[PDB]
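Have a look at the structure below, then the notes.
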Amino acid sequence: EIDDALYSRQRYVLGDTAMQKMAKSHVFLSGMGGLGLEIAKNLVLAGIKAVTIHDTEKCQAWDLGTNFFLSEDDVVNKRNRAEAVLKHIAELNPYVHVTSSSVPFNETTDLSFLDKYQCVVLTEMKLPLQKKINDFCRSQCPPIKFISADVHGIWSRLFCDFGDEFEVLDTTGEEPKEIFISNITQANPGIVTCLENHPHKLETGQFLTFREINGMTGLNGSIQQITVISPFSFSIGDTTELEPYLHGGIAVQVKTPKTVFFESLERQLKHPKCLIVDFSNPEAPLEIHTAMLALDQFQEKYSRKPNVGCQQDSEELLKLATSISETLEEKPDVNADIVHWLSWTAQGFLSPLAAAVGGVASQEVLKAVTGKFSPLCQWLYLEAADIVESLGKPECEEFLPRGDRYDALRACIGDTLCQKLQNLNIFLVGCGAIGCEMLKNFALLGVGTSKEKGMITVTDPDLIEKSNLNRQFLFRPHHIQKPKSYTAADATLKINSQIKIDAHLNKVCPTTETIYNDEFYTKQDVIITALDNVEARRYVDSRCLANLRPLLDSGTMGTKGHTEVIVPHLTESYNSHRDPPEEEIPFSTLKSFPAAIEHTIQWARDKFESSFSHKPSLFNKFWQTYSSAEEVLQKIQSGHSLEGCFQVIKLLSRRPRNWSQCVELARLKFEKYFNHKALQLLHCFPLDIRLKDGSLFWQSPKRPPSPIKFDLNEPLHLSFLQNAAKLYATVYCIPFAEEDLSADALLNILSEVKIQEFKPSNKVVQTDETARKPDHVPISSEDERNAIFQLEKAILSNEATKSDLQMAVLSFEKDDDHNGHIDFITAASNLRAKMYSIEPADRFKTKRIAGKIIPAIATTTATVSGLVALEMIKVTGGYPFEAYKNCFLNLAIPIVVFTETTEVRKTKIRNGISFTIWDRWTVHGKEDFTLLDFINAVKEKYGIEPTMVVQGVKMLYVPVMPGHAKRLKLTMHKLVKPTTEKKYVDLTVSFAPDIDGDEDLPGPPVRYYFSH
Amino acid sequence: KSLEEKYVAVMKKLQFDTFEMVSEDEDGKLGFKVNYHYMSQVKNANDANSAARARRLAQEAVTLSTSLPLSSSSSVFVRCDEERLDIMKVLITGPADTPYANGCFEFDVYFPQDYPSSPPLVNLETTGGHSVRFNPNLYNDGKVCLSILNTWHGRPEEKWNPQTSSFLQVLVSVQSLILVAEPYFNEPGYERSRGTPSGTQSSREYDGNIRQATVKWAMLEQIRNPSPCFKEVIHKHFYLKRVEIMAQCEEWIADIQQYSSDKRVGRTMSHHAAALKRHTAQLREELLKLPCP
Ligand SMILES: O=P(O)(O)O[C@H]1[C@H](OP(=O)(O)O)[C@@H](OP(=O)(O)O)[C@H](OP(=O)(O)O)[C@@H](OP(=O)(O)O)[C@H]1OP(=O)(O)O
Ligand SMILES: Nc1ncnc2c1ncn2[C@@H]1O[C@H](COP(=O)(O)OP(=O)(O)OP(=O)(O)O)[C@@H](O)[C@H]1O
């Protein structure tokens, strides 16, 4: 059984069908370098049943710069690389049976033992041995999935081979789509038109199924292959033989299996199917493939990697690349720079690129054993040439090893860039999975390890939860309910003892701006965000824009991820993006006419909040505002309209006093929710009622409600009754035991409860899809006297003590299963779905949607963290605008798209003068400096005359305001009235447009200093 | 007509002006010299003001100073703080031939932080201690209901628009929709009773109640207890219109007495007529005691 409390976030990505297959898979992994370790960590976090790490090499001091589990003790003892890290890896997931092996691998090695593994991953292996293994693997029945990954300096290679034919069970992670049918004609082919307000959003050749189609009732349950006609129409084939269409109709997308073909590795070296990641260079991957093949041939010929700075080795590599390139089908021109850099950094190992490639390879491995997504086909080359291209022609002495743990990175980016990295000050916001991976990358790169300047500040207020252990690998089961920042900081030092990290528990918000003032932001050099929401992202972006500091942002939604790079004076800020927000379901649709299960889930969530969070809070607030019920009675008798008094009275009069009364209240609530509402809606709108045009009112998207009859024998009804009774008992502080939840006791209790007969009211039903929830309905005098009688009876019955006038308030806890909030929401949503004939959901989907749980997996987080750490190097080096690359990736397809970051847009103000979002004008003055002096100084300095001056929310001077021309002569200190803390003040200025009547053109913010 | 021209000439200079409603202590904490509705909202507003919130307000100030509606029948008067533009007070004189005729109503205006992306907040202070719901869209608590303010049901084109909606449009909509001659039918369901004898009877009941309430609060309590921001405006307006006020109140007394013989509503007409006569005698005394501005 799947441990939901640990796997839920990953389950929302993969699904139970895939996970139940990963529980029976054995993965063989060869090579325990940085890339192999990343792959193993990602696979173990993913939950593979058995993983067999294999390596024959022994530990070396050079390995410490690429491995985050090895220690100096391992190098001292000369332990095997795999066995030295086997113990640490098992702690990632106790459910995983990790094994270690050290069998020698060579030409004479027998490969027959590999048949017990479903997938095989090879890293840091010689090319001929990879060829032989691939030949053996694909010839097995069933074929053994083959994946090869390698990293050499700043260049990487990823290869896949899933046999001759691979059966993908799902081409994408998107939910199946529901299309509402507006009209279908009897034609060959019959043309189907969807509802005109919603786009078709489908493609030709897909398969759909139909249900609830009126007129053409024969299409119910049928499956058709469609052809797109328009963004609002399509054809499904001949329908002339069918019945005449009347109304209704819903089409559902069917996920047909898809077959993908692959080829052998030896033949794939010629005419390789390479995935393009940079559309500005559509032929770069082929050149990179040629260069890497030349490097492998060089290794075969000389049994050694090229030496950095050796011109003879580079010339030999170029000759090999030229010879190889002519054998390819396309015969591309050999890129001299790529070959030169591959020769230059052959012996290096760039950690962030290795992490990104490991994440991608782990996602491919997960695809291999499940078939959940369309796999890579077949090659993928990721570059980091931007890092070294901006360096020009540095000398070889920068890259020569010096004996420390950073020899891997020094051979990649040179010594000066490493020195710049070690002196960085980085402010990392948020310590989620992305934050943990970024901290691991920092430890590997040695960020902030310098004793003079380096310092890393990480802040996060949340505590560690069990579900976080799935992807936030820095944590352990015994770290549960401990601060994320503190645990991550104390764990990081083990990876690199030279690091210096400061941990904070503060949430990044304006309330905490005192700690993170502008002086603090000036101290930092880079700011990295791992936030999960948008508001904090915007706040951090505004602070960085104010303080002129670079910002790196990233986010992951399941298999989709993106990276944002913001550099001062170069790129646009995050606030410049104003993508449309979440579309709110119409109030009429949510309250009265639900069309999908999501609407009922939202209704159940809102009902839970209003029943156990909002109304108890109002009750407590009302009885804290007024001391006693007798006082309230005396006030209402004298005509005082206390705030929501009648609703609090109604709550008080219906207060249960024992478990039986709680059960009766739950039964009454069930009846009110699921029988009386439907009868009321049908009374307002009969099944055969017609609109002004004669069309039936009950058609899509509206659905005819059906009254539900209570029956305790059905499991759903019992579940709802139990959940409602328990929640109401908890709110009213009524003690109870689990034996009281028995169905026998509930049946015995409810046998004496009379069910009130329904009567139809004449309340107005909002059919407007653009309307919102109305405010309070005016209280009739009858309700007033009923409330008076009810509270008088309560006072007579001595139900007026402080215990009576206080109720416990319940928070919407979703991670814990024993509280029953999710159970109650699921039961209510399923019952409401059964009302409107909507297909019922399950507990896990309800937990995903009602809790707004964002699906997440470890592989995407690792990949985006590697990319962000890669861009951090470019930010540190101060490279020009061309080097920075925004990234968007979706591993489902899979697809990786690199794009130049958005250039800053100059805003013309007047007479050719322009400014940018990073600009901020300054004026220096004194105590006798006046407002007129300020205007004159601004006009002299920038050639434009201000038309209004605004100090935040205060208006300083506007010409149209009467009597404000006198303020020109006033001294700046007197009119501003500033505090002695600040040497300056920030003002907002606008200027006159060219056209009279136009709004004043907004200028950049202006900072005025009270003294020179 | 000469009185109309004099009213136009005098009150135009008093349409738009500043007033020191807000002051701050040494630290900068807000302290108010006049009554206001959104005290908590003002005191909780942050200093992260958007530049649009200032540019739009300046443009609105220009528009108001140029084209504020003005007539003896109905006029709009706006006062804004000498330092904070987001706080304003609006005084409107009721159009003639309505139950609000010549009645002056004070409103508190606040602008939210995201303005102009959201409509401003307007509250009524002339309810007389929440005694009277003067309009179906104007509850006794001070709430103002309008589609452009998103406080009333309506089509999206009738709703707030950050790109096109303006405060002048809000004032024009207030005048054209709230201060109408048939306030009773503004309530949903009541608008369909228009033309029926029962609907007209209920409208007359509501109009008589609104007339007596307006005489009590919007005239008598305004002259007796004027708001400091509109003290000179209120005195000048009442002095200029005084003869029309007494003629109008006598006409209203005559009109309400026509329905005193009713059996469903006639007793309410009698009570409102007695209250109106009392308030009319008091108003006549106040106008006789009112000095010439
Ligand atoms: O407070 P809400 O979440 O908006 O729900 C209310 C509430 O129902 P519950 O108390 O059962 O949650 C009302 O009951 P009262 O609290 O006022 O007693 C009920 O009003 P009725 O008693 O008249 O049924 C009304 O239902 P309706 O608007 O159909 O009259 C219903 O609204 P929703 O269930 O649609 O939210
Ligand atoms: N304003 C903020 N300042 C600092 N940290 C923040 C802020 N807003 C959110 N965070 C942090 O962002 C982190 C988000 O982490 P992540 O996206 O990995 O998921 P999670 O919150 O741990 O779990 P899940 O979303 O699955 O419930 C949280 O640990 C939270 O503390």
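Naming works like this for the structure tokens: A, B, ... for the chains as they're shown, residue 1 at the start of each chain, ligands 1 onward in shown order.
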Produce as a ChimeraX atom specification the set of residues near ligand 1, where near means within 7 Å with only C-alpha atoms and all ligand atoms considered.
-> /A:591,606-607,610-611,647,650,669,672-673,677
Just need the residues of chain B within 7 Å of chain A, counting only C-alpha atoms, so spit them out as a ChimeraX atom specification.
-> /B:17,47-49,51,55,59,62,83-85,153
Pull N, CA and C atoms from the residues just selected and write them as a JSON list (two decimals), in the first residue's frame.
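Just written: again-v8.json:
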```
[["chain", "number", "residue", "atom", "x", "y", "z"],
["B", 17, "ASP", "N", -12.55, 72.95, -2.56],
["B", 17, "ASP", "CA", -11.64, 73.63, -1.64],
["B", 17, "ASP", "C", -10.96, 72.59, -0.76],
["B", 47, "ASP", "N", 2.32, 52.87, 3.59],
["B", 47, "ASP", "CA", 2.96, 53.96, 2.87],
["B", 47, "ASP", "C", 3.40, 53.56, 1.46],
["B", 48, "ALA", "N", 3.11, 52.33, 1.03],
["B", 48, "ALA", "CA", 3.49, 51.86, -0.30],
["B", 48, "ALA", "C", 2.48, 52.32, -1.35],
["B", 49, "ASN", "N", 2.39, 53.64, -1.50],
["B", 49, "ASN", "CA", 1.43, 54.22, -2.43],
["B", 49, "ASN", "C", 1.88, 54.02, -3.87],
["B", 51, "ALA", "N", 2.08, 55.04, -7.77],
["B", 51, "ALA", "CA", 2.10, 56.31, -8.49],
["B", 51, "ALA", "C", 0.77, 56.56, -9.20],
["B", 55, "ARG", "N", -1.50, 59.96, -9.53],
["B", 55, "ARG", "CA", -1.75, 60.60, -10.82],
["B", 55, "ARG", "C", -3.24, 60.64, -11.13],
["B", 59, "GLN", "N", -5.57, 64.00, -11.60],
["B", 59, "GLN", "CA", -6.40, 64.22, -12.78],
["B", 59, "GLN", "C", -7.86, 64.40, -12.38],
["B", 62, "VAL", "N", -8.32, 67.89, -11.09],
["B", 62, "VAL", "CA", -8.47, 68.84, -12.19],
["B", 62, "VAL", "C", -9.88, 68.77, -12.76],
["B", 83, "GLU", "N", -3.40, 67.62, 2.92],
["B", 83, "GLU", "CA", -2.25, 66.74, 2.77],
["B", 83, "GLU", "C", -2.57, 65.39, 2.16],
["B", 84, "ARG", "N", -3.69, 64.77, 2.53],
["B", 84, "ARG", "CA", -4.03, 63.44, 2.03],
["B", 84, "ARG", "C", -5.18, 63.56, 1.04],
["B", 85, "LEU", "N", -4.93, 63.16, -0.21],
["B", 85, "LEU", "CA", -5.95, 63.21, -1.25],
["B", 85, "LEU", "C", -6.92, 62.04, -1.17],
["B", 153, "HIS", "N", -25.97, 45.26, -7.78],
["B", 153, "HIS", "CA", -26.02, 44.30, -8.87],
["B", 153, "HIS", "C", -26.19, 45.01, -10.20]]
```
Residue 97 in chain B environment, 10 Å, only C-alpha atoms, sequence neighbours closer than 3 positions dropped, as a PDB file with N, CA and C atoms, in the first residue's frame:
```pdb
ATOM      1  N   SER B  73     -31.121  73.712  -8.164  1.00  0.00           N
ATOM      2  CA  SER B  73     -31.865  72.472  -7.973  1.00  0.00           C
ATOM      3  C   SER B  73     -30.979  71.395  -7.361  1.00  0.00           C
ATOM      4  N   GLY B  94     -30.138  67.938  -2.766  1.00  0.00           N
ATOM      5  CA  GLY B  94     -31.133  67.149  -3.452  1.00  0.00           C
ATOM      6  C   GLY B  94     -31.853  67.901  -4.552  1.00  0.00           C
ATOM      7  N   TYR B 100     -36.089  64.370  -1.659  1.00  0.00           N
ATOM      8  CA  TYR B 100     -34.825  64.916  -1.186  1.00  0.00           C
ATOM      9  C   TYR B 100     -34.633  66.378  -1.561  1.00  0.00           C
ATOM     10  N   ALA B 101     -35.675  67.048  -2.053  1.00  0.00           N
ATOM     11  CA  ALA B 101     -35.519  68.386  -2.612  1.00  0.00           C
ATOM     12  C   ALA B 101     -34.885  69.337  -1.605  1.00  0.00           C
ATOM     13  N   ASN B 102     -33.811  70.000  -2.034  1.00  0.00           N
ATOM     14  CA  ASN B 102     -33.075  71.003  -1.269  1.00  0.00           C
ATOM     15  C   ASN B 102     -32.455  70.447   0.010  1.00  0.00           C
ATOM     16  N   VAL B 180     -33.611  60.474  -6.733  1.00  0.00           N
ATOM     17  CA  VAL B 180     -34.658  60.501  -7.734  1.00  0.00           C
ATOM     18  C   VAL B 180     -35.986  60.835  -7.066  1.00  0.00           C
ATOM     19  N   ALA B 181     -36.981  61.184  -7.883  1.00  0.00           N
ATOM     20  CA  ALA B 181     -38.310  61.505  -7.375  1.00  0.00           C
ATOM     21  C   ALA B 181     -39.096  60.268  -6.955  1.00  0.00           C
ATOM     22  N   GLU B 182     -38.607  59.071  -7.267  1.00  0.00           N
ATOM     23  CA  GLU B 182     -39.272  57.821  -6.906  1.00  0.00           C
ATOM     24  C   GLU B 182     -38.271  56.891  -6.231  1.00  0.00           C
ATOM     25  N   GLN B 248     -41.655  75.001  -0.123  1.00  0.00           N
ATOM     26  CA  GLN B 248     -41.615  73.568  -0.381  1.00  0.00           C
ATOM     27  C   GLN B 248     -42.155  72.773   0.800  1.00  0.00           C
TER      28      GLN B 248
END
```
Work out how far CA of residue 679 in chain A is from CA of residue 758 in chain A, in Å to one decimal.
->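 Value for the CA of residue 758 in chain A-CA of residue 679 in chain A distance: 7.9 Å.
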Could you list the protein, DNA and RNA residues that have any atom within 8 Å of ligand 2, counting only C-alpha atoms and all ligand atoms, and write them as a compact mmCIF listing (two decimals) with N, CA and C atoms, in the first residue's frame?
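Result file selection_19.txt:
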```txt
# COMPACT_ATOMS: atom_id res chain seq x y z
N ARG A 9 2.24 14.31 -2.54
CA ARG A 9 2.61 15.30 -3.55
C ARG A 9 3.09 14.62 -4.83
N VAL A 429 15.72 33.27 0.05
CA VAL A 429 14.38 33.39 0.63
C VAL A 429 13.66 32.07 0.41
N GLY A 430 13.13 31.50 1.49
CA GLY A 430 12.43 30.23 1.41
C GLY A 430 13.37 29.04 1.41
N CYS A 431 13.05 28.02 2.20
CA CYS A 431 13.91 26.85 2.29
C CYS A 431 13.14 25.58 1.93
N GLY A 432 12.36 25.63 0.86
CA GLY A 432 11.64 24.45 0.40
C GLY A 432 12.55 23.44 -0.25
N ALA A 433 11.98 22.57 -1.09
CA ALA A 433 12.81 21.61 -1.81
C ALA A 433 13.80 22.32 -2.73
N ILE A 434 13.33 23.36 -3.43
CA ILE A 434 14.23 24.17 -4.24
C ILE A 434 15.31 24.80 -3.37
N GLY A 435 14.92 25.30 -2.20
CA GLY A 435 15.91 25.88 -1.29
C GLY A 435 16.94 24.87 -0.82
N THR A 459 16.28 32.21 5.19
CA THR A 459 15.20 32.48 6.11
C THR A 459 13.94 31.72 5.69
N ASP A 460 13.29 31.09 6.67
CA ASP A 460 12.07 30.32 6.44
C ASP A 460 11.37 30.06 7.77
N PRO A 461 10.07 30.33 7.87
CA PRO A 461 9.38 30.19 9.16
C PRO A 461 8.75 28.82 9.39
N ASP A 462 8.52 28.06 8.32
CA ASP A 462 7.77 26.82 8.44
C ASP A 462 8.57 25.74 9.16
N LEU A 463 7.85 24.78 9.72
CA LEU A 463 8.42 23.61 10.37
C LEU A 463 8.42 22.43 9.41
N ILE A 464 9.25 21.44 9.71
CA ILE A 464 9.38 20.26 8.86
C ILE A 464 8.18 19.35 9.06
N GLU A 465 7.57 18.94 7.96
CA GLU A 465 6.47 17.99 7.98
C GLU A 465 6.91 16.67 7.34
N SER A 467 5.45 14.94 4.99
CA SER A 467 5.35 14.99 3.53
C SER A 467 6.52 15.73 2.90
N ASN A 468 7.23 16.55 3.66
CA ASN A 468 8.39 17.25 3.12
C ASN A 468 9.59 16.33 2.93
N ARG A 471 10.77 15.08 -0.88
CA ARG A 471 11.55 15.85 -1.84
C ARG A 471 12.57 16.78 -1.21
N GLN A 472 12.37 17.20 0.03
CA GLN A 472 13.35 18.02 0.74
C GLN A 472 14.34 17.08 1.42
N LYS A 484 12.80 24.46 9.47
CA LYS A 484 13.44 24.08 8.22
C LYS A 484 14.79 24.76 8.06
N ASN A 506 12.34 34.23 10.17
CA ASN A 506 11.42 35.32 9.86
C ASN A 506 10.76 35.11 8.50
N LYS A 507 9.46 35.40 8.43
CA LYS A 507 8.77 35.45 7.16
C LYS A 507 9.09 36.76 6.46
N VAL A 508 9.32 36.69 5.15
CA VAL A 508 9.68 37.87 4.36
C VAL A 508 8.39 38.61 4.04
N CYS A 509 8.16 39.72 4.73
CA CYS A 509 6.95 40.51 4.56
C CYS A 509 7.22 41.91 5.09
N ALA A 530 12.83 30.97 -3.45
CA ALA A 530 12.25 29.64 -3.58
C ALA A 530 10.84 29.63 -3.02
N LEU A 531 10.12 30.73 -3.21
CA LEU A 531 8.80 30.91 -2.64
C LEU A 531 7.77 30.04 -3.36
N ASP A 532 6.64 29.83 -2.69
CA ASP A 532 5.54 29.05 -3.24
C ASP A 532 4.32 29.89 -3.60
N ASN A 533 4.36 31.20 -3.35
CA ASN A 533 3.23 32.07 -3.64
C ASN A 533 3.71 33.26 -4.47
N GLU A 535 2.51 36.74 -3.96
CA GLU A 535 2.60 38.01 -3.25
C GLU A 535 4.00 38.24 -2.69
N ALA A 536 4.58 37.20 -2.07
CA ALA A 536 5.93 37.32 -1.54
C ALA A 536 6.94 37.52 -2.66
N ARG A 537 6.72 36.86 -3.80
CA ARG A 537 7.58 37.07 -4.96
C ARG A 537 7.56 38.53 -5.38
N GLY A 555 10.15 28.19 -9.93
CA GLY A 555 8.97 27.53 -9.42
C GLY A 555 8.68 26.27 -10.20
N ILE A 853 -3.28 21.75 -2.93
CA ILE A 853 -1.95 21.17 -2.84
C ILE A 853 -1.33 21.15 -4.23
N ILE A 854 -0.21 21.86 -4.39
CA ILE A 854 0.48 21.92 -5.67
C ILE A 854 1.27 20.63 -5.85
N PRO A 855 1.03 19.88 -6.92
CA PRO A 855 1.82 18.67 -7.16
C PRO A 855 3.30 19.00 -7.32
N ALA A 856 4.15 18.14 -6.78
CA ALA A 856 5.59 18.36 -6.83
C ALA A 856 6.32 17.03 -6.85
```
For range 694-709 of chain A, list every protein, DNA or RNA residue within 6 Å, evaluated using only C-alpha atoms, and leave out those in the same chain fewer than 4 positions away; present the list as JSON, numbers by chain.
-> {"A": [248, 593, 595, 674, 675, 678, 690, 835, 836]}
Go ahead and save the picked residues with C-alpha atoms, as a PDB file, in the first residue's frame.
```
ATOM      1  CA  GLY A 248     -27.291  18.797 -24.580  1.00  0.00           C
ATOM      2  CA  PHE A 593     -25.827  25.283 -10.679  1.00  0.00           C
ATOM      3  CA  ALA A 595     -21.416  21.609 -13.612  1.00  0.00           C
ATOM      4  CA  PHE A 674     -29.439  17.273   0.288  1.00  0.00           C
ATOM      5  CA  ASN A 675     -33.247  17.091   0.168  1.00  0.00           C
ATOM      6  CA  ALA A 678     -33.218  20.345  -4.419  1.00  0.00           C
ATOM      7  CA  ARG A 690     -38.624  27.101 -20.693  1.00  0.00           C
ATOM      8  CA  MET A 835     -27.559  15.388  -6.346  1.00  0.00           C
ATOM      9  CA  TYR A 836     -26.693  16.793  -9.792  1.00  0.00           C
TER      10      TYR A 836
END
```
Enter the distance from CA of residue 147 in chain B to CA of residue 215 in chain B, in Å, rounded to one decimal.
->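 Those two atoms sit 28.5 Å apart.
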Selection: 12 Å around range 447-450 of chain A, only C-alpha atoms, excl. self and same-chain fewer than 2 positions, as number ranges by chain | A: 405-406, 409, 417-427, 438-445, 452-457, 492-493, 496-502, 524-526, 869, 872-873, 876
Same residues, C-alpha atoms, saved as a CSV table (one decimal), in the first residue's frame:
```csv
chain,number,residue,atom,x,y,z
A,405,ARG,CA,38.4,20.2,-2.9
A,406,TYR,CA,37.5,22.8,-5.5
A,409,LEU,CA,35.2,23.7,-10.4
A,417,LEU,CA,35.6,33.1,-10.8
A,418,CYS,CA,36.0,30.6,-8.0
A,419,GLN,CA,37.5,33.3,-5.8
A,420,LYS,CA,34.6,35.6,-6.7
A,421,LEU,CA,32.1,32.8,-5.8
A,422,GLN,CA,33.8,32.2,-2.4
A,423,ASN,CA,33.3,35.8,-1.4
A,424,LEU,CA,29.6,36.0,-2.3
A,425,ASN,CA,26.9,37.1,0.1
A,426,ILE,CA,23.6,35.5,-1.0
A,427,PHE,CA,20.2,36.0,0.6
A,438,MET,CA,20.2,25.3,-3.9
A,439,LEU,CA,21.9,24.9,-0.5
A,440,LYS,CA,23.4,21.7,-1.6
A,441,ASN,CA,24.6,23.4,-4.8
A,442,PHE,CA,26.1,26.2,-2.7
A,443,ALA,CA,27.9,23.6,-0.5
A,444,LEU,CA,29.3,21.9,-3.6
A,445,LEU,CA,30.4,25.2,-5.2
A,452,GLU,CA,36.8,37.4,5.0
A,453,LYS,CA,33.5,38.2,3.2
A,454,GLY,CA,31.5,35.1,2.4
A,455,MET,CA,28.1,34.6,4.2
A,456,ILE,CA,24.8,33.0,3.2
A,457,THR,CA,21.6,34.1,4.8
A,492,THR,CA,24.8,21.8,5.1
A,493,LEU,CA,28.0,22.2,7.2
A,496,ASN,CA,31.3,21.5,3.3
A,497,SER,CA,32.7,22.4,6.8
A,498,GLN,CA,34.2,25.6,5.4
A,499,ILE,CA,30.8,27.2,4.6
A,500,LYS,CA,29.4,30.0,6.8
A,501,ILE,CA,25.6,30.2,6.9
A,502,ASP,CA,23.2,32.3,9.0
A,524,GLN,CA,24.0,41.2,-0.2
A,525,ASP,CA,25.1,40.6,-3.8
A,526,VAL,CA,22.5,38.1,-5.1
A,869,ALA,CA,22.7,27.7,-9.6
A,872,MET,CA,24.0,32.4,-10.4
A,873,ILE,CA,27.5,31.9,-11.7
A,876,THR,CA,28.3,36.7,-10.1
```
Neighbours of residue 760 in chain A within 10 Å (only C-alpha atoms; same-chain residues fewer than 5 positions away dropped), as a JSON list (two decimals) with N, CA and C atoms, in the first residue's frame?
```json
[["chain", "number", "residue", "atom", "x", "y", "z"],
["A", 676, "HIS", "N", -33.95, 19.30, 0.92],
["A", 676, "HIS", "CA", -34.78, 20.51, 0.87],
["A", 676, "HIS", "C", -34.29, 21.49, -0.20],
["A", 677, "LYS", "N", -32.97, 21.59, -0.38],
["A", 677, "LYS", "CA", -32.43, 22.50, -1.39],
["A", 677, "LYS", "C", -32.87, 22.11, -2.79],
["A", 679, "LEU", "N", -35.53, 20.32, -3.63],
["A", 679, "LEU", "CA", -36.96, 20.57, -3.77],
["A", 679, "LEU", "C", -37.24, 22.05, -3.98],
["A", 680, "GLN", "N", -36.52, 22.92, -3.27],
["A", 680, "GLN", "CA", -36.68, 24.36, -3.45],
["A", 680, "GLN", "C", -36.29, 24.79, -4.86],
["A", 681, "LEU", "N", -35.15, 24.30, -5.36],
["A", 681, "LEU", "CA", -34.70, 24.69, -6.69],
["A", 681, "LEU", "C", -35.64, 24.18, -7.77],
["A", 682, "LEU", "N", -36.18, 22.97, -7.59],
["A", 682, "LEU", "CA", -37.15, 22.46, -8.55],
["A", 682, "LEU", "C", -38.47, 23.21, -8.47],
["A", 683, "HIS", "N", -38.86, 23.66, -7.28],
["A", 683, "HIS", "CA", -40.07, 24.47, -7.16],
["A", 683, "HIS", "C", -39.91, 25.79, -7.90],
["A", 684, "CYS", "N", -38.73, 26.42, -7.78],
["A", 684, "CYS", "CA", -38.49, 27.64, -8.53],
["A", 684, "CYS", "C", -38.40, 27.37, -10.03]]
```
Apply DSSP to the backbone of this structure and, from range 506-579 of chain A, keep only the residues in strand (DSSP E); write these as an NGL selection string.
-> :A and (526-529 or 551-557 or 560-566)
Near range 103-110 of chain B, within 10 Å and counting only C-alpha atoms, which residues show up once chain neighbours fewer than 3 positions away are dropped, as JSON, numbers by chain?
-> {"B": [35, 36, 37, 38, 39, 41, 42, 74, 75, 76, 77, 78, 79, 80, 85, 86, 87, 88, 89, 90, 91, 92, 93, 94, 95, 96, 98, 99, 100, 113, 115, 119, 120, 121, 122, 123, 124, 125, 126, 127, 142, 144, 179, 211, 213, 214, 215, 216, 217, 218, 219, 220, 222, 227, 229, 230, 234, 237, 238, 245]}
Backbone DSSP call of alpha helix (DSSP H) for range 751-816 of chain A, listed as a list in words |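 Taking range 751-816 of chain A and keeping alpha helix (DSSP H) gives residues 781, 782, 783, 784, 785, 786, 787, 788, 789, 790, 791, 792, 793, 794, 795 and 796 of chain A.
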Rounded to one decimal place, report the CA of residue 48 in chain A-CA of residue 354 in chain A distance in Å.
->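 Distance reported for this atom pair: 21.2 Å.
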